[PDB]
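Working notes for the structure below.
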Amino acid sequence: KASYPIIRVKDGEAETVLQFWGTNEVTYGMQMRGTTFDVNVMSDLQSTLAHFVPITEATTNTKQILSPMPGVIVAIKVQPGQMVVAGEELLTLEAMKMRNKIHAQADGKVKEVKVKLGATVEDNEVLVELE
Amino acid sequence: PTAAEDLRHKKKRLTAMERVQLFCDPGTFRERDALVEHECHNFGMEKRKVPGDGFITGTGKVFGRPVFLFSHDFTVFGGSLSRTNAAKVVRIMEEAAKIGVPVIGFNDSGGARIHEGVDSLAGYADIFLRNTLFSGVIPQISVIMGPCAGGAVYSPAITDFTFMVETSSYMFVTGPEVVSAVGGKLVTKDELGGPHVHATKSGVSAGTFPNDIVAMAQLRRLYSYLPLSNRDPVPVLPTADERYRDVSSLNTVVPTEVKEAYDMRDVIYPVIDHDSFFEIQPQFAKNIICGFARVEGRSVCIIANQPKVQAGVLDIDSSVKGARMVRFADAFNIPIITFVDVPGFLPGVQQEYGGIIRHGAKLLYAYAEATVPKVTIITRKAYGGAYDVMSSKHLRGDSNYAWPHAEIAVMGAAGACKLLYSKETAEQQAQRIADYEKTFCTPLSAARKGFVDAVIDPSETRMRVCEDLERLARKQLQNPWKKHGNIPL
Amino acid sequence: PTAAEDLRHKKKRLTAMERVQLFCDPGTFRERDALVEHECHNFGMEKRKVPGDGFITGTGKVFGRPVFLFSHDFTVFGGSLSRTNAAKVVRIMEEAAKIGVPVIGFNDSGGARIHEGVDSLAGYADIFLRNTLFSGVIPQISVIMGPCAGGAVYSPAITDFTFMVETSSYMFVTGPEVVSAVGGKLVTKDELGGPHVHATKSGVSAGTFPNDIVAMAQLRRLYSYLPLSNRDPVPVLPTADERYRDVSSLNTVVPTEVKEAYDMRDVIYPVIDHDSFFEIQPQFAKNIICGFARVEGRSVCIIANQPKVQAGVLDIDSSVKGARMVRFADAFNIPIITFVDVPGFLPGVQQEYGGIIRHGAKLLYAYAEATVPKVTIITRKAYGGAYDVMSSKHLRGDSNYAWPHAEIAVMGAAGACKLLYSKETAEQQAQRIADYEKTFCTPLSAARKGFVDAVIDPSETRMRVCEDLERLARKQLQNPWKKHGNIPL
Ligand SMILES: O=CCCCC[C@@H]1SC[C@@H]2NC(=O)N[C@@H]21
Ligand SMILES: O=CCCCC[C@@H]1SC[C@@H]2NC(=O)N[C@@H]21
C-alpha cells in the first residue's frame, strides 16, 4: 500500500517481507532482515551524471557546546569531566515558562566546568565544553 | 559523442541542457528557439557569434502536465543578458500568460553584458515588468544553480519561491570588491551571499539542496502540488489512504504539565496523509512551520506553531514567513489548516527598534484578507493578540475547534491577578492565581461566548478535518471592490 | 460651566471632546451615540456605569466635506475597549464604507478591559477585520494622543498614516515590566516606545507634532489633499499660481563638479505651487523624500532622491518608505512625479544580513504595478538596477525627461574599464576612463536608444510637467485579472 511499511513479495515459493521507511526521490530507505539500507534508484542520465557531483564532507568538530538561546538552567544531568554518549540529555534551561533540554549529539567524553544551578546568564555561553 | 561538455564536467558541474533533460519527462522537451545571435557590433564583439545566444527555452512536460522553462548557460559569455536574450524570456512568459501554465527558471548568469550598453538594463526592466504583472496569475519558481550577481538578483526575488544549490551557488546585489573599497573589510563570496547565509540570516531562499540531481527530483515533487493557473481548480490525486484510519496516539501528545515542551510534528503528521509533507524554509524561524501537504488526496496549506523552539512565540521573521505563505496559498485557491499554540509576542528592545508593529500586522492582514476555506485547531493555549492573529473565528473563519485541555485568556494568570487587585493583602498569589486560572483559563468560557464551534476529542481531528474540507469545497466569498490593497510593508 | 474637566486640564492635557471640537468645523459635529452602558456584571463592575462608555463617535464636517471620526476617553476606565465600545466603531466604519467617506481616529486607550474577558479580543478582531477589508477603499488616518499599549497597537498599523504627539504619547506591544522580567533590563516607557523612537528607529510613525492644537491645524491641511473615496476623482482647488511663472533658477542648481553635493528641495520647490509641500516621514531615511504637493491646483505625489544625505543611495528603509507611498498614491488615483539621482545601492555586509534583496524589490514592485500617470526627470545620474527601479520608461512610464548634463550608464567608469580590459598595459586608467566617460556617460546614447523622450532645458520643467499632467488626465489602464498580487513581504 502506498506510503506504508509492510511489503509482501513472493517469487515462486520463497516469500519475503520488507519494510519501507522513506525516501527523497533518489534514495530509498528500505529495511531488509531487520536492518536499514539506502538503495539508489536512478535512470541512465542520473547514473551517468552522479559521477560528476561534488561530495563535501561535513564539519567534524569535537569542541564546546553553546546554548542556542537565553534562559535559566534549573536541572543538570551530566557530571564535569566524565564520559558522554550520543543522545544523552545534559541539562535543562527554562525560559518564558518552558523547560527545554539540550543533549549531546555525539561524542565520547568532555573536559569543562559546569554552569551552576540557577545561573540566569545564558546568552550563548559555553555551558559544557567537549574535549 | 560527448563533445564540448568535457570541459564543463571536469569542474564537477552540470550543463544547462543536462539540467533541462533531468527536469522534464524523458522525451517531451521541444526547444523553442535555437539559432539567434547578439548583433552587437561594438568593442570587438562583431566576431564570436553564438548560435544559442546563451539561453535554452522550451516547453517540456512534467507528470503529463505542461510547463515552460528557461535555463542560463555559463559557458557562453558567462550567461550575461542582452537585448536579445531577454526577448526569448519575454516571449515565453507572455505565452505562459495567455495559456494557464507556470514558468520555472534556472538562473546561472554572471551579471549584465557590458558590451551592449543600456540594452541589458532594458531587458532587465522588461523581465521585471512581466514578473510584476503575472505574479498571482501563474505560479513562478526559480532555482539558482550558480553565481547570480548584479541587478539580475531582483527577478528571482519577485518570484514565489527561490531555491538554492549548496556547493556552487551564491547571490547578492554588490560584489565584495566594492565592500572592500568602501568599508575596508575582506569578505569572501560565500561568506557574503552563500546558500547558508540566505537560508538562515536573510530569509530569501526557500530551501537548499545538496546536488542538482536531488534538486530536480524534489522539484518535480513540488510541482506535483501546484495548480496549473489562477482559474484552474486545486489538483486532486488518487490515494489509498482513507479518513477512517485510526489515530488515537493524539490523546497523549500534549503533556499534563504546562511547562513541558513537545514537538508539533507529532500532531501534524497523523492528520495528513502518509509521507506527504513538503516543508518550506526549514532552517529559518524554526518556531513556526509552513509547507504543503495532502488531506484525502487534495493539496492543502499547513501553518503551525512549535513550542519546541522559543516556546512557540511569534516574532518578526515568523510573521513574514507566515504572511508570505498565506498570501500565496490564498492567491491560488488552496485550503489552509492551522494549529495554534502561542503565549504571545517576543519581548525585547531590539524588537521595537526593529519594527515589530509593522511586521506582526502582516500576518494578521494576510489572515483577514483571505477567502479560501480555513480550519483552525487550538491545542493548548492562545493569549492576547496572538489569539486574534492566528486565524480566529472572528476573521471570517469557517470552523474552529479546541482540545479539552486548551486555554483561551486575555493574558497569563499573574498579570490578570495583579491588575485586578492593586494593593490587596499580601500572599494574594496563592489563593487568587490558582482560582483565576481554574475559572477562566479553560475553553469553557470561550465556548460559552461562541468562539469555538465544539470541544472535541483529539482522536477525531482527522475525521472532522476531512468532513469540513469536503463540505467547504464550493465556498464563494468576495471582498469589496478595490484596485488593490495597501498592506503594511 | 467648566465642570469635571478641571481635573484633566490640571495635568496639562486636553479632553476627547475638545479635540473633536478643534478638528471639525465650528458647529458641524453631530454626536452619534451617547447613552450606552457596558452591561458586564462581573468582578464588582455591576456598579459605576457610564453614559458615554468611554467613546465619542460622530460625523462632523471639514472644509465643507464630510468625515467620520471617533475618539477614546482616558478618564473613563482608562479608555479600555469592550464588547460594547467596539460596536460603535464597527457601525461607523460600516457606514463610512457604504458612503464614500474617510475615517479618522484619535487613539488614547490604555489597553484592553480585563473585566470583560475575551469579549475585548472579540472587539479587537472585528475592528482588525474592518480595517483589513476597507483598506484601499476609504483613506484611514490615525493619531495617537496618549498611551497605546497591548494588542490595540495593530489597528493603527494597518491604517494608511499614523501621527504622534510629542510629550505625552507612546506605543509598543509589550510593557517594560515584562522586558525586565525576562531580559532583566530596566527601560522607561519613553525610552521604549516614545515618539522619537518610532520617528527615527522603527519607521512606524509618519510624523510628529509638538502640540495637540498644531496637530489639528495641520491634520485639516492634510485632509484638504485627500480624495473622498476610491471611486471619486482627485480634488482640484482654485489657485492664482500659473504655469507661466518664470523658473530660470533651475539652470544653476546642479554644480559643474561631479563630486559636489546639492539639496534636491532646490529642484522640488520651483516646480510645485508656492507653499504647498507636506513632507511625510521627515526624520526617517533622509536620503529619500516623499510627500504630497499641488501642481496647477491638483494634488500630486512627490518622490525624489537626495544627494545631500549619503550620496542619495537607495537602501532598505528608503525602499520601504517609497514603496508604501507609491502603493497608497496609486490606490486612490493620484499622479506620481519623481526626480532621479542615484549612484546605486548601499554596499555592506549588514545589508545582505538584513535582506536587501527582499526590501529593494518592494519599490520596484510598487512602481511596476502602478497604473496612474507617471512623470520622471533624470537630473544628473542613474546607474545599474537603481535606474531600472526608479520608474524607468520600460515600466509603462508615460513621459521621461533628462537634463543636458545627465548620465545613464551600466556602472561607474572605473568598473567598466576594469572589466573591458583584463590585463591591458598599465597606466590604462588615464587614457581609458576619461574616454569611456566621455563617450558613454552622457544622455546621448540613452536618447539614441529611445529611453528618454527628449533632452530639455532645466527652465522648462514646470511647463512640461503641467502640459503632460493636463493631457494625461484621462488614462485608463488595467492589469490582468487576479484575486490579488503576491508582493515580496
Ligand atoms: O512573566 C514574565 C515574563 C512572561 C513572558 C511570557 C511570554 S514571553 C514573550 C511573550 N510576551 C508576553 O508578554 N508573554 C509571552
Ligand atoms: O570606486 C569605488 C567605490 C565607488 C562607489 C560608487 C557609489 S558608492 C555606492 C554605489 N555602489 C556602487 O557600486 N557605486 C555607487
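Just remember, in the C-alpha cells the first chain shown is A, the second B, etc., residues are 1-based per chain, and ligands are 1-based in the order shown.
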- Message: Give me, as an NGL selection string, all polymer residues having an atom no more than 7 Å from residue 12 in chain B, counting only C-alpha atoms and skipping those fewer than 5 positions away in the same chain.
- Response: :A and (52-54)
- Task: Once DSSP has gone over the backbone, tell me which residues of range 168-403 of chain B are in helix (DSSP H, G or I), as JSON, numbers by chain.
- Result: {"B": [176, 177, 178, 179, 180, 181, 182, 189, 190, 191, 192, 193, 195, 196, 197, 198, 199, 200, 212, 213, 214, 215, 216, 217, 218, 219, 220, 221, 222, 223, 249, 250, 251, 265, 266, 267, 268, 269, 270, 271, 310, 311, 312, 316, 317, 318, 319, 320, 321, 322, 323, 324, 325, 326, 327, 328, 329, 330, 331, 349, 350, 351, 352, 353, 356, 357, 358, 359, 360, 361, 362, 363, 364, 365, 366, 367, 368, 369, 384, 385, 386, 387, 388, 389]}
- Could you give me, as number ranges by chain, the residues within 10 Å of residue 327 in chain C, counting only C-alpha atoms and dropping anything in the same chain fewer than 6 positions from it? B: 484-487, 489; C: 136, 362-363, 365-367, 369-370
Considering only C-alpha atoms and all ligand atoms, tabulate each residue of chain B that lies at most 10 Å from ligand 2 along with its nearest interatomic pair and the corresponding distance in Å to one decimal; arrange the rows by chain and ascending residue number and present them as JSON lines.
```
{"residue": "B:150", "atom": "CA", "partner": "ligand 2", "partner_atom_place_in_ligand_line": "13 (O)", "distance": 9.6}
{"residue": "B:173", "atom": "CA", "partner": "ligand 2", "partner_atom_place_in_ligand_line": "13 (O)", "distance": 9.5}
{"residue": "B:174", "atom": "CA", "partner": "ligand 2", "partner_atom_place_in_ligand_line": "13 (O)", "distance": 6.9}
{"residue": "B:175", "atom": "CA", "partner": "ligand 2", "partner_atom_place_in_ligand_line": "13 (O)", "distance": 8.5}
{"residue": "B:177", "atom": "CA", "partner": "ligand 2", "partner_atom_place_in_ligand_line": "2 (C)", "distance": 8.6}
{"residue": "B:178", "atom": "CA", "partner": "ligand 2", "partner_atom_place_in_ligand_line": "3 (C)", "distance": 5.9}
{"residue": "B:179", "atom": "CA", "partner": "ligand 2", "partner_atom_place_in_ligand_line": "3 (C)", "distance": 8.4}
{"residue": "B:180", "atom": "CA", "partner": "ligand 2", "partner_atom_place_in_ligand_line": "3 (C)", "distance": 9.0}
{"residue": "B:181", "atom": "CA", "partner": "ligand 2", "partner_atom_place_in_ligand_line": "2 (C)", "distance": 5.6}
{"residue": "B:182", "atom": "CA", "partner": "ligand 2", "partner_atom_place_in_ligand_line": "3 (C)", "distance": 5.9}
{"residue": "B:183", "atom": "CA", "partner": "ligand 2", "partner_atom_place_in_ligand_line": "3 (C)", "distance": 9.7}
```
- Message: At a cut-off of 10 Å, which residues of chain A touch chain C? Count only C-alpha atoms and give the answer as a PyMOL selection string.
- Response: chain A and resi 70-71+95-96+120-121
- Where in range 242-479 of chain C does DSSP assign strand (DSSP E), given as an NGL selection string? :C and (277-280 or 288-295 or 298-305 or 336-342 or 374-383 or 399-402 or 407-409 or 454-455)
For chain B against ligand 1, with a cut-off of 6 Å and counting only C-alpha atoms and all ligand atoms, what is the closest atom pair and its distance in Å to one decimal for every residue that makes the cut, ordered by chain and number, as JSON lines?
```
{"residue": "B:343", "atom": "CA", "partner": "ligand 1", "partner_atom_place_in_ligand_line": "15 (C)", "distance": 4.9}
{"residue": "B:344", "atom": "CA", "partner": "ligand 1", "partner_atom_place_in_ligand_line": "10 (C)", "distance": 4.2}
{"residue": "B:345", "atom": "CA", "partner": "ligand 1", "partner_atom_place_in_ligand_line": "10 (C)", "distance": 4.3}
{"residue": "B:346", "atom": "CA", "partner": "ligand 1", "partner_atom_place_in_ligand_line": "9 (C)", "distance": 4.1}
{"residue": "B:347", "atom": "CA", "partner": "ligand 1", "partner_atom_place_in_ligand_line": "9 (C)", "distance": 5.0}
```
- Near residue 453 in chain C, counting only C-alpha atoms, which residues have an atom at most 9 Å away, once you skip same-chain residues fewer than 3 positions from it, shown as number ranges by chain? C: 399-402, 447, 450
- Test item: residues at most 6 Å from range 373-388 of chain C, only C-alpha atoms, excluding those fewer than 3 positions along its chain, as a count of residues only: 26
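Our summary of the geometry notes that CA of residue 214 in chain C is positioned 12.5 Å from CA of residue 143 in chain C.
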